[PDB]
Amino acid sequence: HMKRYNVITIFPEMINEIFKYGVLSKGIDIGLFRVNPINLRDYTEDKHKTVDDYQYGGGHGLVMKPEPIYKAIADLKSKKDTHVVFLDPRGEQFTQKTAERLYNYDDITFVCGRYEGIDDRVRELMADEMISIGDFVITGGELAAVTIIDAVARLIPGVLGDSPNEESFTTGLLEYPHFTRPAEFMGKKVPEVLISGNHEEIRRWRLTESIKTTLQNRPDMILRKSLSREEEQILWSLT
Amino acid sequence: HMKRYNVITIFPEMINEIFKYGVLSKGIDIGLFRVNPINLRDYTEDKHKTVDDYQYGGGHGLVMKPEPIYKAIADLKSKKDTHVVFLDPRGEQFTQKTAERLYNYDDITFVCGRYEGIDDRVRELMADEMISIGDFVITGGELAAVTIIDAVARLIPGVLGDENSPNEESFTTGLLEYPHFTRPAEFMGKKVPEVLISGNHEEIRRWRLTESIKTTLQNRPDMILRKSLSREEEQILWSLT
Ligand SMILES: C[S@@+](CC[C@H](N)C(=O)[O-])C[C@H]1O[C@@H](n2cnc3c(N)ncnc32)[C@H](O)[C@@H]1O
Ligand SMILES: C[S@@+](CC[C@H](N)C(=O)[O-])C[C@H]1O[C@@H](n2cnc3c(N)ncnc32)[C@H](O)[C@@H]1O
Ligand SMILES: [Cl-]
Ligand SMILES: [Cl-]
Ligand SMILES: [Cl-]
């Protein structure tokens with residue numbers, strides 16, 4: 001089935017503008033997935049059409065009200081089943097494994113907070129899970145939503161050109177360096193093996209550089225990786 | 001004099017459109033910072049305006065060419081000193097500590113790749129550092145750039161008003177934050193915790209700190225381990241597990 005990603009946000013047009021750029025917009029154009037911005041302001045009923053108000057506990061910090069977010073999610077669910085993700089720093093830290101897990105859903109609803117956060121009762125009532133884009137804080141869930149959609153949708157066969165099979169994190173490693181023309185640029189030659197080597201020599205050089213980069217930059221990934229005999233010998237030879 | 005973030009990208013209009021929205025767009029309006037999309041295609045010099053080409057090593061996977069990126073960065077540097085960040089999965093995993101460190105700079109240039117990545121020679125020549133938005137891969141550096149800018153620019157005093165305080169929030173404190181609530185006091189039979197409605201400032205502080213430690217313990221025990229817990233935090237933790 002076509003993968004669908006609903007984004008509940010006070011800035012739906014931001015979501016539409018973002019997805020008219022790049023390889024992903026072509027996948028939308030041909031129907032491999034679809035992004036569905038939902039205007040949270042459409043689910044207000046008060047005279048001031050209110051989606052945020054002063055929180056409880058003191059001060060004037062703003063928190064997203066529960067009723068509009070509840071109504072927006074219930075509206076989606078009334079038409080078609082969906083998997084509800086609240087974007088929240090308290091959630092699961094988003095990694096390539098998360099993206100592979102979310103890939104299995106055909107219909108995901110992302111709820112975007114603003115200001116101090118989202119009233120936690122509607123999260124308790126409606127969320128299937130919480131996901132954090134990383135160990136940092138941004139002003140809204142919008143950027144976290146589109147980033148996740150990007151990471152998940154690009155795994156749909158046919159979205160990228162004929163590869164996401166050997167890239168960083170997918171392999172449990174950081175990828176080798178890449179180069180293109182010209183062969184010489186400001187005194188730096190492209191490694192000769194990539195110009196004139198055979199397949200196995202290029203594979204060996206890339207695997208070596210990949211392990212090197214991972215050991216130097218992300219030793220924690222090395223510890224988590226189940227190494228092939230060949231990868232382990234290379235790792236030993238750099239230590 | 002304000003903070004400036006330049007974004008080298010083949011999609012400058014995407015960057016422009018993103019910062020029309022939300023609290024950051026008001027910060028730009030009153031001149032607390034500025035975002036400058038830099039059109040990488042303006043720095044090609046060949047007849048096909050080429051920013052990417054087939055990589056070396058076999059196949060037709062595309063890699064961003066070194067010359068336009070080099071020319072783009074040297075142009076900025078000829079105008080003003082700037083700190084050059086290559087967006088790349090191999091870089092430092094972006095955290096709140098990273099955002100706090102980058103806040104120090106008054107001018108930051110982000111280099112956005114596409115396709116298989118960026119020719120690593122221009123990275124080696126021009127990058128002051130590489131940063132990864134996280135342990136996953138996206139189609140382009142654009143989203144990583146604007147996300148980092150968001151996390152950094154929101155720390156500029158005055159960008160956020162009374163609507164949110166960045167001094168006490170997730171990760172900044174080493175913890176995950178407590179739950180929040182707003183009107184109405186009762187929603188579908190679920191009541192806002194009474195302490196937030198009628199407790200005093202100290203009672204609210206105690207409850208919030210407890211829920212924060214509980215949430216961090218349940219969701220991110222790794223964060224508990226690396227935080228130097230205060231005497232009070234230590235005891236709350238013990239009075240749980
Ligand atoms: C400024 S944040 C509120 C964060 C909250 N005060 C805290 O410290 O945990 C406003 C909105 O941005 C989104 N957001 C901010 N950081 C996020 C992150 N790391 N992961 C997912 N969403 C995030 C969330 O949807 C959140 O409701
Ligand atoms: C599809 S990625 C290529 C990544 C490379 N093939 C690898 O496996 O490491 C294309 C561009 O998106 C950006 N990008 C992808 N993932 C990123 C991340 N985790 N952090 C920062 N930038 C990222 C980079 O600028 C990169 O040049
Ligand atoms: Cl949850
Ligand atoms: Cl570097
Ligand atoms: Cl410690």
Side-chain angles (χ1 to χ4, degrees), chain A residues 2-5 7 14-37 94 96 98-100 102-103 106 108 110 133 142-161 163-164 167-171 175 178 180, chain B residues 7-18 37-41 44 48-55 57-65 68-69 86-90 110-119 132-134 136-147:
Chain A
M2 182 178 73
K3 306 289 187 183
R4 301 169 180 270
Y5 307 101
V7 189
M14 185 203 307
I15 310 301
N16 278 323
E17 287 168 329
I18 283 170
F19 280 103
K20 58 198 197 298
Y21 297 96
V23 68
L24 287 179
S25 64
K26 299 182 180 183
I28 290 170
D29 284 339
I30 59 184
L32 294 177
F33 69 107
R34 201 162 215 269
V35 182
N36 184 25
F94 186 72
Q96 194 65 26
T98 315
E100 295 167 359
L102 291 187
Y103 175 83
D106 293 330
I108 304 183
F110 296 98
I133 192 60
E142 286 76 11
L143 287 177
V146 301
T147 296
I148 288 165
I149 292 166
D150 181 306
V152 178
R154 70 185 289 279
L155 307 178
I156 297 168
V159 167
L160 314 175
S163 163
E167 57 195 15
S168 293
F169 306 108
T170 294
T171 63
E175 196 173 65
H178 306 261
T180 183
Chain B
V7 182
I8 294 171
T9 170
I10 63 178
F11 298 127
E13 260 317 283
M14 171 185 183
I15 311 303
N16 226 66
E17 291 167 338
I18 283 174
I38 310 289
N39 191 351
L40 184 52
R41 304 196 169 275
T44 61
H48 288 297
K49 298 217 187 57
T50 300
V51 293
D52 64 79
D53 207 329
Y54 299 149
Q55 69 175 331
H60 286 166
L62 300 173
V63 171
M64 309 300 295
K65 285 172 56 59
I69 296 176
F86 273 63
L87 301 160
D88 191 309
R90 307 171 295 163
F110 297 93
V111 186
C112 305
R114 283 272 151 180
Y115 319 119
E116 284 278 3
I118 304 174
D119 183 291
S132 166
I133 196 56
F136 55 86
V137 174
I138 48 177
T139 61
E142 283 75 13
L143 290 182
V146 305
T147 302

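In the text below, chain A, chain B and the rest are named by the order of the sequence lines, each starting its count at 1.
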### Message
Would A/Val146 and B/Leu143 count as a side chain to side chain contact (heavy atoms under 4.5 Å, CB included) here? Give the steps.
### Response
CA-CA 8 Å; A/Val146 301; B/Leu143 290 182; 3.8 Å; yes
Using side-chain hydrogen bond (donor to acceptor under 3.5 Å, both in side chains) as the criterion, list what pairs up with [X], not counting sequence neighbours.
| X | result |
| --- | --- |
| B/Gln55 | A/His178 |
| A/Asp150 | B/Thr139 |
| A/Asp106 | A/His1, A/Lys3 |
| B/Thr9 | B/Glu142 |

Closest non-hydrogen atom pair, [X] against [Y]:
| X | Y | value |
| --- | --- | --- |
| A/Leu155 | A/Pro164 | CD2-CB, 4.5 Å |
| B/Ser132 | B/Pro89 | CB-O, 3.6 Å |
| A/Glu167 | A/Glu175 | CA-OE2, 3.5 Å |
| B/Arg41 | B/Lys49 | NH1-O, 3.6 Å |
| B/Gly134 | A/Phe169 | O-CE1, 3.7 Å |
| B/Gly141 | B/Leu87 | O-CD1, 3.4 Å |

Residue list, ring pair (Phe, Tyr, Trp, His ring centres under 6.0 Å) with [X], at least two apart or on another chain:
| X | result |
| --- | --- |
| A/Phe19 | none |
| A/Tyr103 | none |
| B/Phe110 | none |
| B/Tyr115 | none |

Discussion item. Keeping A/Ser25 on the side-chain end and A/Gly22 on the backbone end, is there a donor-acceptor pair under 3.5 Å?
Written reply: yes
Just by distance, do the side chain of A/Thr180 and the backbone of B/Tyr54 share a donor-acceptor pair under 3.5 Å?
yes
Residue set satisfying salt bridge (charged side-chain N to carboxylate O under 4.0 Å, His left out) with A/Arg4, at least two apart, ordered chain then number -> none
Quick check for you: to the nearest 0.5 Å, what is the distance between [X] atom [atom1] and [Y] atom [atom2]?
| X | Y | atom1 | atom2 | result |
| --- | --- | --- | --- | --- |
| B/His48 | B/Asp53 | NE2 | CG | 10.5 Å |
| A/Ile133 | A/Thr147 | CD1 | OG1 | 5.0 Å |
| B/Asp52 | B/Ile118 | CG | CD1 | 11.5 Å |
| A/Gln96 | A/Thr170 | CD | OG1 | 4.0 Å |
| B/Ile8 | B/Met64 | CD1 | CE | 10.5 Å |
| A/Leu32 | A/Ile28 | CG | CD1 | 10.0 Å |

**Asked** How would you list, by chain and number, every residue that makes a side chain to side chain contact (heavy atoms under 4.5 Å, CB included) with B/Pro68, sequence neighbours excluded?
**Response**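 With neighbours one apart ignored, the set is B/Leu40, B/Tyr43, B/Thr44, B/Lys65.
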Restricting to side chain to side chain contact (heavy atoms under 4.5 Å, CB included), what partner residues turn up for A/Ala151, sequence neighbours left out?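 Side chain to side chain contact (heavy atoms under 4.5 Å, CB included) list for A/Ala151, sorted by chain: A/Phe94, A/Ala99, B/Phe136, B/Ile138.
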Hey, does B/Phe86 have a side-chain heavy atom less than 4.5 Å from the side chain of B/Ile69? yes
I want to check something: taking the side chain as every heavy atom from C-beta on, are A/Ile149 and A/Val7 in contact at a cut-off of under 4.5 Å?
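Yes, their side chains come closer than 4.5 Å.
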message = Under the salt bridge (charged side-chain N to carboxylate O under 4.0 Å, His left out) definition, can you give me all pairs with a residue in residues 18-27 of chain A, not counting sequence neighbours?
response =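 The answer is A/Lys20-B/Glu17.
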Exactly one candidate in A/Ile18, A/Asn16, A/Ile15 meets side-chain contact (heavy atoms from CB on, under 4.5 Å) with A/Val35; the answer is A/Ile15
